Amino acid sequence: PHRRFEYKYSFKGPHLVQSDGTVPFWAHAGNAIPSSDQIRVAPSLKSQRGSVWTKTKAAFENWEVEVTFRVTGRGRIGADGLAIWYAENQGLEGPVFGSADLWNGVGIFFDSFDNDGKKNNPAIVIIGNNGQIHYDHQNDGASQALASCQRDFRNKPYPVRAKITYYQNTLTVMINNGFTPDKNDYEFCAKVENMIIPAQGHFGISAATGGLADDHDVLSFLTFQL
């Protein structure tokens, strides 16, 4: 399928922030810092929350987003992680990787912290929510996991990239693990067949820390109409 680039639903450096400290076409909040070459969505401080969400919504039947980020920290263990969002509502402030709960749409969670002691982290998680569910933080949503995989996205020598495609009721998630600089060296993570999400919504990106804390930096969020 063809791809149209949707600038109104995207950001990136090298001039990522406007002179007034704002990110064109996106609203940012919590403790997220825009800078010219990346947004530090949540800094390596205790109990932090940040989000970046689009202003306008976007009416796209099928779409693709490529997200480049780094999640850096001293420890071989870090927290709390990072979430990419499509949803009917801006979830700016909230307990869900810095974003609002009760979301209407999908959310892919890069979870640095093994909260339910299963030695199954860091991990990528897909979760549907129709407006009335509650994210099982302490259980890393394992029960609500529409689909999921296990890649270690922390502390890589090139930045990690997550391609996230929705084509004909099938959300797909490829991931490039920061090992090569081939921005297209993706590998399979997961997939959800027969999925419906709001006709128009906001795209969003958020992160958070607590007891443990990493820097969560998103260098670019690139959106495609297919």
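Quick note: we count residues from 1 along the sequence shown, nothing fancier.
- The mean C-alpha temperature factor is higher for 178 to 186 when 39 to 47 and 178 to 186 are set side by side.
- Note on 89 to 97 vs 68 to 76: mean CA B-factor is higher in 89 to 97.
- Residue-level temperature factors show residue 54 in the middle third of its chain, judged at the C-alpha atom.
- In the PDB entry, residue 198 places in the middle third of its chain by CA B-factor.
- For residue 33, the recorded CA temperature factor ranks within the lowest third of the chain's modelled residues.
- When all modelled residues of the chain are sorted by CA temperature factor, residue 164 is found within the middle third.
- Among the modelled residues of its chain, residue 27 has a C-alpha B-factor that falls in the lowest third, as given in the PDB entry.
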